Amino acid sequence: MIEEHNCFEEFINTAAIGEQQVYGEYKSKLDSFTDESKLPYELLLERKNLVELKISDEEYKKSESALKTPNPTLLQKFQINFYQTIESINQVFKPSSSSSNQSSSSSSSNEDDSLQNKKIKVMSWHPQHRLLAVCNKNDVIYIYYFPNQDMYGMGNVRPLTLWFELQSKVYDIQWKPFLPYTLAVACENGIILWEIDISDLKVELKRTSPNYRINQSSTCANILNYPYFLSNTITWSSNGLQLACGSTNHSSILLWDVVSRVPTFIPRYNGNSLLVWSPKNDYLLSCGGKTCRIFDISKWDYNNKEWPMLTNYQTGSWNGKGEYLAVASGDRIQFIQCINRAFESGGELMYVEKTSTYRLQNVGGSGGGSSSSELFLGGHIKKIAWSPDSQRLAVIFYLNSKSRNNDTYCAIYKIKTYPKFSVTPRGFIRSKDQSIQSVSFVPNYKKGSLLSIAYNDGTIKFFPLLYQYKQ
Amino acid sequence: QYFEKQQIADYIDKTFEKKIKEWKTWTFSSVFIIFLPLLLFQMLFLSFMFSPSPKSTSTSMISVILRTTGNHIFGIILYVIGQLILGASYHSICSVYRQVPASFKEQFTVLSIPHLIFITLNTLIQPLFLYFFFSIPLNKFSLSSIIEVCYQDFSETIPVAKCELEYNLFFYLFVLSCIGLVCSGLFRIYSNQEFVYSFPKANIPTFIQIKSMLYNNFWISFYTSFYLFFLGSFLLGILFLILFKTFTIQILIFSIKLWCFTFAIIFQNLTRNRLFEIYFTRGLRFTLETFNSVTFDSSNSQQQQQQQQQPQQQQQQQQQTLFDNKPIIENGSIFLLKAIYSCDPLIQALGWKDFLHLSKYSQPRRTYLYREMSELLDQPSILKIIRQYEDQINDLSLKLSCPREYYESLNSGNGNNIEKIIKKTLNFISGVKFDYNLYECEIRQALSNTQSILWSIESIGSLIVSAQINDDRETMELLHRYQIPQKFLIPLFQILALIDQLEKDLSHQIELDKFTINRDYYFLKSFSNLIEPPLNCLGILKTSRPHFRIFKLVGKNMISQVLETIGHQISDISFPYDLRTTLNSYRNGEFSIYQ
């Protein structure tokens with residue numbers, strides 16, 4: 001058997017209390033500070049470079065000539081109402097699900113509403129080049145380009161602002177791995193592919209492109225709609241030419257050829273609540289209801305193997321070689337080795353870390369008037385992300401019914417994949433009671449790994465994880 | 001003995017086309033092995049649904065079926081023979097190579113003898129299918145265009161049977177709906193090119209492909225039979241309000257049978273034809289296993305224990321091939337090379353579709369071909385497959401760099417009112433200008449066949465990248481020593497420059513016509529549920545421009561996938577000067593899909 005590890009429970013004594021913060025990993029630690037004047041110089045210098053990105057709460061105010069849809073004719077409005085009549089009949093011929101379980105089926109509709117109602121919905125990095133795409137409350141996408149390999153000077157970077165009439169209720173966003181620049185955006189109207197030009201990202205090349213006299217852009221919003229498939233999640237292929245798309249309402253993966261714009265359907269009972277492709281390899285994670293599957297893309301089978309999950313929600317990340325896969329649901333992270341002999345057996349389990357809803361006792365020194373705040377941490381996981389170097393995992397939580405601050409902390413683990421697999425916690429990143437929406441690492445950072453954290457207030461903040469390399 | 005280097009070649013020829021001819025005939029058989037059970041299920045279903053209901057004797061459902069079918073056995077045999085004949089004459093018009101017509105003349109004058117045989121066989125057999133379905137039910141149909149109607153004249157003191165002569169309403173309905181079946185089936189096949197095989201873009205297993213095909217064919221047959229049926233019954237129903245001023249309810253009861261029979265015929269043709277597409281576009285494998293094997297499908301149990309005795313099994317296999325009088329074949333790649341160098345475009349498209357399975361998913365076939373280059377052999381099969389890719393970029397380039405003025409001078413050195421009516425009526429009905437440029441048509445003839453070249457581009461880049469991804473060094477220093485990154489990038493840069501040129505040159509000819517804003521008749525298309533799976537992975541596309549994107553988004557992706565893995569080992573010294581600037585745009589990521 002493989003056991004339940006509580007390694008998270010030891011290091012809770014590092015979680016920065018009260019007006020303390022944690023500003024980055026340094027010399028393999030996450031020690032806490034009230035004040036940035038007291039940081040180690042190596043981390044203070046990085047924090048003078050790593051500008052905090054404040055996103056606008058604005059609506060893209062519609063101009064006159066913006067490409068409005070050809071307002072659907074009296075017969076297309078008849079066709080929409082007639083298909084909604086056929087589908088509401090098919091919703092009566094779907095066998096009614098057990099509404100005895102309403103108290104664990106009203107969460108996802110409110111998880112969706114909570115996504116659409118935030119200042120930041122989704123943020124997505126390109127996996128090699130330093131491009132950050134971020135969707136705001138009003139379905140405006142801001143793309144930030146960052147040329148400098150150590151991020152000096154960033155205080156006036158104006159983002160390329162992508163908006164279109166069918167960019168409404170964005171659910172998920174992923175960059176194409178290989179170039180030319182392409183951003184996939186999942187919305188209520190299907191999927192938008194922004195096929196993007198370099199001169200709208202390098203203003204310098206907008207002096208030397210022949211279109212400069214015309215000022216026009218070749219950056220164009222193409223669309224991959226299949227009727228009555230709502231894309232709730234999306235992931236690109238390990239070669240950039242295909243896109244795998246998931247729906248909570250459809251019992252299929254929708255896999256597109258992005259070159260010839262052709263859809264294919266792969267049968268997936270329990271729908272898709274998560275999709276994640278292996279960043280170098282022919283392997284796809286698909287989660288749906290309470291099962292996950294790992295598919296062999298050379299055959300489109302999963303060797304009949306279904307991995308069990310605790311909640312209807314799942315979050316997951318491969319490592320930067322794609323050898324290993326982390327999958328989190330409930331109080332837990334399952335760590336699977338995909339790439340071994342084990343792929344005939346559908347991948348093998350290596351470790352199970354357990355983020356229970358544990359407790360601090362605040363160690364009350366003699367200030368005998370101060371409120372004895374009972375902090376609780378861990379519990380139900382909200383997102384995981386693995387570093388490109390494969391050495392770190394960043395983990396954020398939902399609000400446990402004991403603790404008001406439970407999403408203001410990001411738990412950091414160090415991972416080693418050879419000569420034996422292991423996980424070791426390092427501590428908790430926190431800024432002063434800002435609650436976290438999302439986490440991601442930044443591509444091709446030299447000094448260890450660079451973590452980006454998006455907060456519910458509209459800010460993205462940076463946290464360098466300075467690796468003590470050896471000489 | 002020795003065998004001569006030419007006798008070993010001759011053995012490999014007489015093995016290669018034999019295995020291909022055995023595969024072609026087995027694959028042809030496999031379509032009918034699946035189509036005939038589906039036909040028999042439908043013929044049984046229709047023989048139940050159009051039986052009169054039995055009186056309350058406990059005769060079993062099977063004993064009713066055996067008594068309707070038992071009177072009709074010769075017609076069921078003729079019907080099956082007609083479905084075999086329309087499968088053979090369909091397979092005899094199937095291709096992988098596409099032809100574009102430069103005008104509405106060639107779309108009928110370039111129809112080679114098999115297409116004329118397919119047209120004539122459909123024109124004769126589809127009406128005979130409809131007649132057989134009208135012959136199953138105990139309501140006697142007639143093909144007499146007239147009927148004797150014996151009414152009893154009660155004006156005499158003996159009530160005389162008086163016979164006066166009516167026109168057979170149901171014969172004219174049958175003739176009009178036979179024309180409706182033949183014309184719609186043939187128009188669709190020659191307007192959508194449903195004889196050019198659509199290759200599946202993912203390796204999804206054939207049972208799931210056939211399950212999807214049967215569901216898509218069901219709805220597409222349901223709406224196409226419905227439109228033919230309702231338009232025919234409405235136009236003909238207006239004729240009864242004009243001529244006879246009366247609407248006989250027997251017309252509706254004939255019409256509801258007619259729809260179920262036109263539906264069956266359309267579904268049967270679509271299911272026959274799309275089973276050939278699924279079975280011939282299925283990836284083959286070209287290995288020493290698939291070609292040297294005897295099909296001895298019985299010994300499956302003994303594999304487990306033999307692993308520990310390798311060298312004595314090799315000596316016993318050598319003693320066995322001597323007893324087989326087989327040459328050894330040391331080149332394990334030769335049957336894939338002969339697929340790539342194949343003058344059959346189906347075998348070449350399957351060869352590149354196996355080189356694409358090698359390059360991504362088949363590490364032991366890669367490590368064999370890598371070692372084929374460190375074994376220092378006279379000409380290794382990687383360089384021979386690179387040559388058929390160099391050849392195929394040149395064979396495309398020489399058909400794109402051909403000047404417009406050659407085609408427009410050809411238009412200067414080479415009925416009528418009916419044709420101008422047909423074109424003006426087709427432009428109106430179709431939402432297409434059937435109004436052509438020769439230069440834009442032959443750029444489309446070159447580009448619309450490129451699916452071999454798009455897979456050789458995907459494969460050589462995937463093979464190069466599938467050295468560096470292993471933490472391997474031997475294959476990487478061999479790939480550089482044979483200049484394989486250079487030979488993958490130089491012709492690919494040159495033909496991408498030509499396609500970033502020809503998209504501009506033809507851009508000035510592409511009016512954003514305020515009707516080419518294609519509302520692709522959304523009334524008829526969505527009042528049907530003709531949510532078509534988008535036409536055949538390139539059908540006849542209405543312009544050149546979508547083909548330029550299809551080539552550029554493969555090429556510019558596969559360049560990035562090589563440079564963002566190996567572009568820091570490639571020195572610009574190893575490129576022509578004209579390509580050193582181009583190499584740095586592609587290394588820096590300073591490029592897009594459209595200029």
# chains A, B, ... in the order shown; residues from 1 in each chain; ligands from 1

call {"tool": "interface_residues", "arguments": {"of": "chain A", "to": "chain B", "cutoff": "7 Å", "atoms": "only C-alpha atoms", "output": "PyMOL selection string"}}
result
chain A and resi 75-76+79+178-181+196-198+218+257+259-260+262+298-300

call {"tool": "select_by_dssp", "arguments": {"residues": "segment 61-211 of chain B", "states": "helix (DSSP H, G or I)", "output": "compact mmCIF listing (two decimals) with N, CA, C and O atoms, in the first residue's frame"}}
result
# COMPACT_ATOMS: atom_id res chain seq x y z
N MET B 61 -42.79 -13.51 -34.04
CA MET B 61 -42.24 -12.40 -34.83
C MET B 61 -41.32 -12.90 -35.97
O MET B 61 -41.46 -12.49 -37.12
N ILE B 62 -40.46 -13.89 -35.66
CA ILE B 62 -39.57 -14.56 -36.62
C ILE B 62 -40.38 -15.30 -37.70
O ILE B 62 -40.04 -15.21 -38.87
N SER B 63 -41.48 -15.98 -37.34
CA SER B 63 -42.33 -16.68 -38.33
C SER B 63 -43.13 -15.73 -39.24
O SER B 63 -43.46 -16.11 -40.36
N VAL B 64 -43.41 -14.50 -38.80
CA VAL B 64 -43.98 -13.44 -39.66
C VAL B 64 -42.91 -12.93 -40.63
O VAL B 64 -43.14 -12.93 -41.84
N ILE B 65 -41.72 -12.60 -40.12
CA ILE B 65 -40.56 -12.16 -40.92
C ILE B 65 -40.18 -13.20 -41.98
O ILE B 65 -40.04 -12.86 -43.15
N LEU B 66 -40.09 -14.49 -41.62
CA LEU B 66 -39.81 -15.58 -42.57
C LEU B 66 -40.90 -15.74 -43.63
O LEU B 66 -40.63 -16.29 -44.70
N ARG B 67 -42.13 -15.25 -43.40
CA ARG B 67 -43.24 -15.34 -44.35
C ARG B 67 -43.39 -14.10 -45.24
O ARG B 67 -43.94 -14.23 -46.33
N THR B 68 -42.88 -12.94 -44.83
CA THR B 68 -42.73 -11.78 -45.73
C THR B 68 -41.45 -11.89 -46.56
O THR B 68 -41.51 -11.82 -47.78
N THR B 69 -40.31 -12.17 -45.92
CA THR B 69 -39.02 -12.36 -46.61
C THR B 69 -38.99 -13.63 -47.46
O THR B 69 -38.43 -13.60 -48.55
N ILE B 73 -37.26 -13.68 -51.36
CA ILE B 73 -35.83 -14.09 -51.29
C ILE B 73 -35.03 -13.66 -52.53
O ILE B 73 -33.96 -13.08 -52.39
N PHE B 74 -35.56 -13.88 -53.74
CA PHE B 74 -34.90 -13.49 -54.99
C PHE B 74 -34.69 -11.96 -55.11
O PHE B 74 -33.64 -11.51 -55.54
N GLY B 75 -35.67 -11.17 -54.65
CA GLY B 75 -35.56 -9.71 -54.57
C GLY B 75 -34.56 -9.24 -53.51
O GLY B 75 -33.80 -8.31 -53.76
N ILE B 76 -34.48 -9.93 -52.36
CA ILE B 76 -33.47 -9.66 -51.32
C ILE B 76 -32.05 -9.96 -51.86
O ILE B 76 -31.14 -9.18 -51.63
N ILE B 77 -31.88 -11.06 -52.61
CA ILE B 77 -30.61 -11.41 -53.26
C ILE B 77 -30.22 -10.35 -54.30
O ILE B 77 -29.10 -9.84 -54.25
N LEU B 78 -31.14 -9.95 -55.19
CA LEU B 78 -30.91 -8.86 -56.14
C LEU B 78 -30.57 -7.53 -55.45
O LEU B 78 -29.67 -6.82 -55.89
N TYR B 79 -31.24 -7.21 -54.34
CA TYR B 79 -30.99 -6.01 -53.55
C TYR B 79 -29.57 -6.02 -52.95
O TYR B 79 -28.84 -5.03 -53.07
N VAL B 80 -29.14 -7.14 -52.36
CA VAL B 80 -27.77 -7.31 -51.84
C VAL B 80 -26.74 -7.22 -52.97
O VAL B 80 -25.76 -6.50 -52.82
N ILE B 81 -26.98 -7.87 -54.11
CA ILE B 81 -26.10 -7.78 -55.29
C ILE B 81 -25.98 -6.33 -55.77
O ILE B 81 -24.86 -5.86 -56.02
N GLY B 82 -27.07 -5.56 -55.82
CA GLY B 82 -27.04 -4.13 -56.14
C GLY B 82 -26.21 -3.30 -55.14
O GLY B 82 -25.46 -2.42 -55.55
N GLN B 83 -26.29 -3.61 -53.84
CA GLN B 83 -25.48 -2.95 -52.81
C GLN B 83 -23.99 -3.34 -52.86
O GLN B 83 -23.14 -2.51 -52.53
N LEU B 84 -23.66 -4.56 -53.30
CA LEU B 84 -22.28 -4.97 -53.59
C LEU B 84 -21.74 -4.23 -54.83
O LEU B 84 -20.66 -3.66 -54.77
N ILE B 85 -22.51 -4.18 -55.92
CA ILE B 85 -22.14 -3.50 -57.17
C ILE B 85 -21.90 -2.00 -56.93
O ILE B 85 -20.86 -1.49 -57.34
N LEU B 86 -22.80 -1.31 -56.22
CA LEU B 86 -22.61 0.10 -55.85
C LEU B 86 -21.51 0.33 -54.81
O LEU B 86 -21.10 1.47 -54.59
N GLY B 87 -21.02 -0.72 -54.14
CA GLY B 87 -19.80 -0.65 -53.34
C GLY B 87 -18.54 -0.79 -54.19
O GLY B 87 -17.61 0.00 -54.04
N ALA B 88 -18.53 -1.73 -55.13
CA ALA B 88 -17.42 -1.94 -56.06
C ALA B 88 -17.21 -0.75 -57.01
O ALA B 88 -16.09 -0.27 -57.16
N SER B 89 -18.28 -0.21 -57.60
CA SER B 89 -18.19 0.98 -58.47
C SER B 89 -17.96 2.28 -57.70
O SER B 89 -17.46 3.23 -58.30
N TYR B 90 -18.26 2.33 -56.40
CA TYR B 90 -17.80 3.43 -55.54
C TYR B 90 -16.30 3.32 -55.24
O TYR B 90 -15.56 4.27 -55.47
N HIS B 91 -15.82 2.15 -54.81
CA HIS B 91 -14.39 1.92 -54.56
C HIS B 91 -13.53 2.18 -55.80
O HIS B 91 -12.46 2.77 -55.69
N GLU B 106 -14.87 21.29 -66.92
CA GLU B 106 -14.03 20.17 -66.45
C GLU B 106 -14.71 19.32 -65.38
O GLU B 106 -14.54 18.10 -65.39
N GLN B 107 -15.56 19.92 -64.53
CA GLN B 107 -16.36 19.19 -63.53
C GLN B 107 -17.28 18.11 -64.16
O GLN B 107 -17.80 17.27 -63.43
N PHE B 108 -17.45 18.10 -65.49
CA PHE B 108 -18.15 17.05 -66.23
C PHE B 108 -17.31 16.41 -67.35
O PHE B 108 -17.53 15.24 -67.65
N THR B 109 -16.35 17.11 -67.96
CA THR B 109 -15.51 16.54 -69.04
C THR B 109 -14.28 15.76 -68.56
O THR B 109 -13.73 14.99 -69.34
N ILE B 113 -13.71 7.03 -67.09
CA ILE B 113 -14.67 5.94 -67.32
C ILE B 113 -15.29 5.35 -66.02
O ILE B 113 -16.51 5.16 -66.01
N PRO B 114 -14.56 5.13 -64.91
CA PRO B 114 -15.15 4.67 -63.65
C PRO B 114 -16.23 5.60 -63.07
O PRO B 114 -17.24 5.11 -62.57
N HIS B 115 -16.09 6.93 -63.19
CA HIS B 115 -17.10 7.91 -62.74
C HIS B 115 -18.39 7.81 -63.56
O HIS B 115 -19.49 7.86 -63.00
N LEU B 116 -18.27 7.59 -64.87
CA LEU B 116 -19.41 7.37 -65.77
C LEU B 116 -20.11 6.03 -65.48
O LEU B 116 -21.35 5.95 -65.48
N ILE B 117 -19.35 4.99 -65.14
CA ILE B 117 -19.87 3.70 -64.67
C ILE B 117 -20.59 3.86 -63.32
O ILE B 117 -21.69 3.35 -63.14
N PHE B 118 -20.03 4.64 -62.38
CA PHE B 118 -20.70 4.93 -61.10
C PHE B 118 -22.01 5.71 -61.31
O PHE B 118 -23.04 5.33 -60.75
N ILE B 119 -22.02 6.75 -62.15
CA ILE B 119 -23.23 7.54 -62.48
C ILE B 119 -24.33 6.65 -63.08
O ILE B 119 -25.47 6.67 -62.61
N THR B 120 -24.00 5.83 -64.08
CA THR B 120 -24.98 4.97 -64.76
C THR B 120 -25.50 3.87 -63.83
O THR B 120 -26.72 3.67 -63.77
N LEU B 121 -24.65 3.23 -63.03
CA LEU B 121 -25.07 2.23 -62.04
C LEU B 121 -25.98 2.83 -60.95
O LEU B 121 -26.99 2.22 -60.62
N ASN B 122 -25.70 4.03 -60.44
CA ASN B 122 -26.61 4.71 -59.51
C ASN B 122 -27.95 5.03 -60.19
O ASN B 122 -29.01 4.78 -59.61
N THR B 123 -27.92 5.55 -61.42
CA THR B 123 -29.12 5.93 -62.17
C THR B 123 -30.06 4.74 -62.41
O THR B 123 -31.27 4.91 -62.42
N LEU B 124 -29.51 3.53 -62.55
CA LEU B 124 -30.29 2.29 -62.72
C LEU B 124 -30.67 1.61 -61.40
O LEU B 124 -31.80 1.13 -61.26
N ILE B 125 -29.77 1.54 -60.41
CA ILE B 125 -29.96 0.70 -59.21
C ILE B 125 -30.75 1.41 -58.10
O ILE B 125 -31.58 0.77 -57.45
N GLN B 126 -30.59 2.73 -57.89
CA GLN B 126 -31.32 3.44 -56.83
C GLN B 126 -32.85 3.42 -57.05
O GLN B 126 -33.59 3.19 -56.08
N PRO B 127 -33.39 3.54 -58.29
CA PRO B 127 -34.81 3.31 -58.56
C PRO B 127 -35.27 1.87 -58.30
O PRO B 127 -36.37 1.65 -57.79
N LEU B 128 -34.43 0.86 -58.59
CA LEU B 128 -34.74 -0.55 -58.33
C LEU B 128 -34.79 -0.86 -56.82
O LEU B 128 -35.67 -1.61 -56.39
N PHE B 129 -33.93 -0.24 -56.01
CA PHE B 129 -34.05 -0.28 -54.55
C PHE B 129 -35.40 0.27 -54.07
O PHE B 129 -36.08 -0.37 -53.27
N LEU B 130 -35.83 1.43 -54.59
CA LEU B 130 -37.10 2.04 -54.22
C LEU B 130 -38.30 1.16 -54.64
O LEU B 130 -39.22 0.96 -53.85
N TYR B 131 -38.25 0.57 -55.84
CA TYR B 131 -39.28 -0.37 -56.31
C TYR B 131 -39.36 -1.63 -55.42
O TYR B 131 -40.46 -2.06 -55.07
N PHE B 132 -38.22 -2.19 -55.01
CA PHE B 132 -38.22 -3.35 -54.12
C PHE B 132 -38.86 -3.02 -52.77
O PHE B 132 -39.72 -3.76 -52.31
N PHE B 133 -38.54 -1.86 -52.17
CA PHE B 133 -39.19 -1.43 -50.93
C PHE B 133 -40.72 -1.26 -51.07
O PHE B 133 -41.46 -1.73 -50.20
N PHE B 134 -41.21 -0.69 -52.18
CA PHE B 134 -42.65 -0.65 -52.47
C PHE B 134 -43.28 -2.02 -52.78
O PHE B 134 -44.50 -2.14 -52.73
N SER B 135 -42.48 -3.05 -53.03
CA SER B 135 -42.93 -4.43 -53.29
C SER B 135 -43.01 -5.31 -52.04
O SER B 135 -43.68 -6.34 -52.06
N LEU B 169 -51.54 8.16 -60.05
CA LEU B 169 -50.95 9.13 -59.13
C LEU B 169 -49.62 8.67 -58.51
O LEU B 169 -48.66 9.44 -58.42
N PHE B 170 -49.57 7.42 -58.08
CA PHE B 170 -48.46 6.87 -57.32
C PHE B 170 -47.26 6.49 -58.21
O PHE B 170 -46.13 6.51 -57.74
N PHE B 171 -47.49 6.23 -59.51
CA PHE B 171 -46.42 6.08 -60.50
C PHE B 171 -45.67 7.39 -60.72
O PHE B 171 -44.44 7.41 -60.64
N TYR B 172 -46.37 8.52 -60.90
CA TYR B 172 -45.71 9.81 -61.11
C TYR B 172 -44.96 10.29 -59.86
O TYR B 172 -43.84 10.79 -59.97
N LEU B 173 -45.51 10.04 -58.66
CA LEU B 173 -44.81 10.21 -57.38
C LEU B 173 -43.53 9.36 -57.30
O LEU B 173 -42.49 9.85 -56.85
N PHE B 174 -43.59 8.10 -57.73
CA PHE B 174 -42.44 7.19 -57.75
C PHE B 174 -41.35 7.65 -58.73
O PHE B 174 -40.18 7.72 -58.35
N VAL B 175 -41.71 8.05 -59.96
CA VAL B 175 -40.75 8.57 -60.95
C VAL B 175 -40.06 9.84 -60.44
O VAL B 175 -38.83 9.92 -60.46
N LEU B 176 -40.83 10.81 -59.92
CA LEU B 176 -40.29 12.07 -59.41
C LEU B 176 -39.32 11.86 -58.23
O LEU B 176 -38.29 12.52 -58.14
N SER B 177 -39.63 10.91 -57.34
CA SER B 177 -38.78 10.59 -56.18
C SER B 177 -37.57 9.71 -56.52
O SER B 177 -36.53 9.86 -55.87
N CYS B 178 -37.64 8.88 -57.57
CA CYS B 178 -36.46 8.22 -58.14
C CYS B 178 -35.45 9.25 -58.68
O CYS B 178 -34.27 9.16 -58.37
N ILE B 179 -35.93 10.25 -59.43
CA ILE B 179 -35.10 11.37 -59.91
C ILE B 179 -34.53 12.14 -58.72
O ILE B 179 -33.33 12.41 -58.68
N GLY B 180 -35.35 12.44 -57.70
CA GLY B 180 -34.90 13.10 -56.47
C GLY B 180 -33.76 12.36 -55.74
O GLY B 180 -32.80 13.00 -55.32
N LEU B 181 -33.83 11.03 -55.64
CA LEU B 181 -32.76 10.20 -55.07
C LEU B 181 -31.47 10.24 -55.91
O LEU B 181 -30.40 10.51 -55.37
N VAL B 182 -31.57 9.98 -57.22
CA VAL B 182 -30.39 9.90 -58.10
C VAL B 182 -29.69 11.26 -58.21
O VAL B 182 -28.48 11.33 -57.98
N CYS B 183 -30.44 12.33 -58.47
CA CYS B 183 -29.85 13.66 -58.65
C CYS B 183 -29.22 14.20 -57.36
O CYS B 183 -28.13 14.75 -57.43
N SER B 184 -29.85 14.03 -56.19
CA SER B 184 -29.28 14.51 -54.93
C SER B 184 -28.04 13.71 -54.49
O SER B 184 -27.06 14.31 -54.05
N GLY B 185 -28.06 12.38 -54.66
CA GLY B 185 -26.91 11.52 -54.37
C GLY B 185 -25.70 11.84 -55.24
O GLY B 185 -24.60 12.01 -54.73
N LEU B 186 -25.90 11.96 -56.56
CA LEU B 186 -24.81 12.28 -57.49
C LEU B 186 -24.32 13.73 -57.34
O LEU B 186 -23.11 13.94 -57.26
N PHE B 187 -25.22 14.71 -57.21
CA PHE B 187 -24.84 16.11 -56.98
C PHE B 187 -23.95 16.25 -55.74
O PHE B 187 -22.87 16.83 -55.82
N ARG B 188 -24.34 15.65 -54.61
CA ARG B 188 -23.56 15.67 -53.37
C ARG B 188 -22.16 15.06 -53.56
O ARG B 188 -21.18 15.66 -53.15
N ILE B 189 -22.06 13.90 -54.21
CA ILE B 189 -20.77 13.22 -54.38
C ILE B 189 -19.80 14.05 -55.25
O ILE B 189 -18.63 14.17 -54.88
N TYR B 190 -20.27 14.69 -56.33
CA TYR B 190 -19.43 15.50 -57.22
C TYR B 190 -19.28 16.98 -56.82
O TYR B 190 -18.34 17.64 -57.26
N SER B 191 -20.15 17.51 -55.95
CA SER B 191 -20.04 18.88 -55.40
C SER B 191 -19.26 18.94 -54.08
O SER B 191 -18.62 19.95 -53.81
N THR B 206 -11.27 2.26 -34.50
CA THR B 206 -12.28 2.22 -35.58
C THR B 206 -13.71 1.96 -35.10
O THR B 206 -14.64 2.49 -35.69
N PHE B 207 -13.92 1.23 -34.01
CA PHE B 207 -15.25 1.04 -33.43
C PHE B 207 -15.90 2.37 -32.98
O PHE B 207 -17.10 2.57 -33.18
N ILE B 208 -15.11 3.30 -32.43
CA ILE B 208 -15.58 4.63 -32.03
C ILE B 208 -15.80 5.51 -33.27
O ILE B 208 -16.82 6.19 -33.35
N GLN B 209 -14.91 5.42 -34.27
CA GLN B 209 -15.08 6.11 -35.56
C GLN B 209 -16.39 5.69 -36.26
O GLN B 209 -17.19 6.54 -36.63
N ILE B 210 -16.66 4.38 -36.35
CA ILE B 210 -17.88 3.82 -36.95
C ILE B 210 -19.12 4.19 -36.13
O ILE B 210 -20.14 4.56 -36.71
N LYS B 211 -19.05 4.18 -34.79
CA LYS B 211 -20.14 4.64 -33.91
C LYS B 211 -20.50 6.11 -34.18
O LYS B 211 -21.68 6.44 -34.23

call {"tool": "atom_distance", "arguments": {"atom1": "atom CA of residue 429 of chain B", "atom2": "atom CA of residue 539 of chain B"}}
result
18.8 Å

call {"tool": "closest_residue", "arguments": {"among": "B:373, B:317, B:455, B:439", "to": "residue 356 of chain B", "atoms": "only C-alpha atoms"}}
result
B:455

call {"tool": "atom_distance", "arguments": {"atom1": "atom CA of residue 116 of chain A", "atom2": "atom CA of residue 381 of chain A"}}
result
19.8 Å

call {"tool": "atom_distance", "arguments": {"atom1": "atom CA of residue 14 of chain A", "atom2": "atom CA of residue 54 of chain A"}}
result
28.5 Å

call {"tool": "decode", "arguments": {"residues": "segment 566-575 of chain B", "atoms": "N, CA and C atoms", "output": "tab-separated table (two decimals), in the first residue's frame"}}
result
chain	number	residue	atom	x	y	z
B	566	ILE	N	16.74	23.03	-30.21
B	566	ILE	CA	18.07	22.78	-30.83
B	566	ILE	C	18.67	24.06	-31.48
B	567	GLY	N	17.94	25.17	-31.59
B	567	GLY	CA	18.36	26.40	-32.29
B	567	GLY	C	19.55	27.16	-31.69
B	568	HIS	N	19.99	26.77	-30.49
B	568	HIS	CA	21.21	27.18	-29.80
B	568	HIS	C	22.42	26.24	-30.03
B	569	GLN	N	22.27	25.20	-30.85
B	569	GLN	CA	23.36	24.34	-31.35
B	569	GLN	C	23.61	24.56	-32.85
B	570	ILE	N	22.65	25.14	-33.56
B	570	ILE	CA	22.72	25.42	-34.99
B	570	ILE	C	23.43	26.76	-35.18
B	571	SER	N	24.59	26.75	-35.84
B	571	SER	CA	25.32	27.95	-36.25
B	571	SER	C	24.85	28.44	-37.62
B	572	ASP	N	24.67	29.75	-37.74
B	572	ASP	CA	24.16	30.45	-38.93
B	572	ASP	C	25.11	30.33	-40.13
B	573	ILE	N	26.40	30.06	-39.86
B	573	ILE	CA	27.42	29.61	-40.82
B	573	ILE	C	26.88	28.49	-41.72
B	574	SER	N	26.11	27.56	-41.16
B	574	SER	CA	25.56	26.39	-41.86
B	574	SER	C	24.32	26.67	-42.72
B	575	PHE	N	23.97	27.95	-42.93
B	575	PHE	CA	22.89	28.41	-43.80
B	575	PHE	C	23.41	29.39	-44.88
